[PDB]
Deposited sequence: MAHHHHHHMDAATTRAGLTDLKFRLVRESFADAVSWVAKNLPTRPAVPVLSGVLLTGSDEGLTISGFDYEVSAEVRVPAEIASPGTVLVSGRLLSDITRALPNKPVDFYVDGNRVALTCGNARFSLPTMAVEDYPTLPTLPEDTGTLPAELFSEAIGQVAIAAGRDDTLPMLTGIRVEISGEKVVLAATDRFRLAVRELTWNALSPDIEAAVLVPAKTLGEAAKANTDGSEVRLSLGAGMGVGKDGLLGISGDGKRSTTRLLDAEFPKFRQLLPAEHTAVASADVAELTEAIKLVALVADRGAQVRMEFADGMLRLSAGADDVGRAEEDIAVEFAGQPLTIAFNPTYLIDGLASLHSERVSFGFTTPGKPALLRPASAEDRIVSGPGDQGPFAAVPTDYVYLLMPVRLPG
């Protein structure tokens, strides 16, 4: 039987474009540029899959005749975004799709559905959490992941689950981001840790309640997949089999100095002084006497300094950073102020949202640990 359906343009366009956004820019084989449309009494399903990430959305539609068809995905996305804002009729007549909408008509070739991989089945549901928290937490941690697929152990977000408590962690060897949260667990005996490709997870986050599917009980992570579901949408990503670094060793228990600053004021000041930094390599932070002297540059191109008021206590120090990595950490706090914990100018700096020492580390739900650069 040949698929024939009708549905509202905007509904059609939103569903196709969400599936098509994930399609490979460099398709390993041509058939992976397609999206699959499947019509049943249970509605219209639009899906895509490239052997690593799958995406699937069900939308209400008037199905005049059930069936399945594969067509060029980004082409279908661009068409549905540009059609007149009228109901869209879509009829497959064998090897050819007739698409009509208002005063417009398209005739599109079909692709070889028999060659398209089958979408993986989701593991059992593991837990749920609000979309807002999912998006915030992943955004805070993904910023620290490695971006080099030749070092897969760094390209993941580690996800540790213990009952109702989740810990997310990512590192690229220069910063480490760790976020703790509470979620709604759906299974009891969950004591597991998986590693999820960060880019994929980050994109799933930037798109109502979210359900994570990794399996149940002792089976969590055993199927090598994470399913993410919500709002008639459902995606899967293959887990990484790489081993995550021992990040808890890095978290300092005590600080020789602690400081707090206004996040926006500090961010703007780093952007200003780094204008004279060679290749934006480093900005220097001189802490003492309730004052932060932020500086950069050299005599060849120019020197800059801005002094901003801070709370400071402990051993004064000058410590230098990659200004992009520092802005990245500040932007991830989502708080008005930042609290710093330091040991020495050669050792990691702890950033978290906000007599003379040493200062015990303060419990928090988010840390961004940033290695300095050498002066």
> Going from the first residue of the deposited sequence to the last, where are the unmodelled runs?
Replying inline: 1-18, 226-229, 377-387, 409-410
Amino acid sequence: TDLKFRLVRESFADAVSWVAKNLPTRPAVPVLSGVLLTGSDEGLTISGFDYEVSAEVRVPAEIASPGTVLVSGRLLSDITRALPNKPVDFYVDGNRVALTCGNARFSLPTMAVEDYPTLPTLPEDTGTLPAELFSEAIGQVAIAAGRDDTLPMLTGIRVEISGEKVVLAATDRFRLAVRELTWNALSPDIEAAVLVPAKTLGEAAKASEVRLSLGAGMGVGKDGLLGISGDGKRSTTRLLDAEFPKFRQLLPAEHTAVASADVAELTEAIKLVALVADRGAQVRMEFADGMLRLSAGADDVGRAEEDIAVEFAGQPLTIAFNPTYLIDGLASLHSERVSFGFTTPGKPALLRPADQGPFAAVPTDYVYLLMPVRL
From here on, numbers count along this sequence of modelled residues.
> Can you tell me which stretch has the higher mean Cα B-factor, 148-156 or 257-265?
Replying inline: 148-156
>> If you take the mean CA temperature factor per stretch, which one wins between 55-63 and 25-33?
In response: 25-33
> From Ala277, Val88, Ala98, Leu214, which pick has the Cα B-factor that tops the rest in the entry?
Replying inline: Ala277
> At the C-alpha atoms, which of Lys271, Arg284, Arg81, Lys222 reaches the highest B-factor in this entry?
Replying inline: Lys222
> Which third of the chain does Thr343 land in by C-alpha B-factor: lowest, middle or highest?
Replying inline: middle
>> Split into thirds by Cα B-factor across the chain's modelled residues, where does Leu351 land: lowest, middle or highest?
In response: lowest
> If you rank every modelled residue in this chain by C-alpha B factor, which third holds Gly39: lowest, middle or highest?
Replying inline: middle
>> Where does the C-alpha B-factor of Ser208 rank in its chain, lowest, middle or highest third?
In response: highest
> What third of the chain, by the recorded C-alpha B-factor, contains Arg105?
Replying inline: lowest
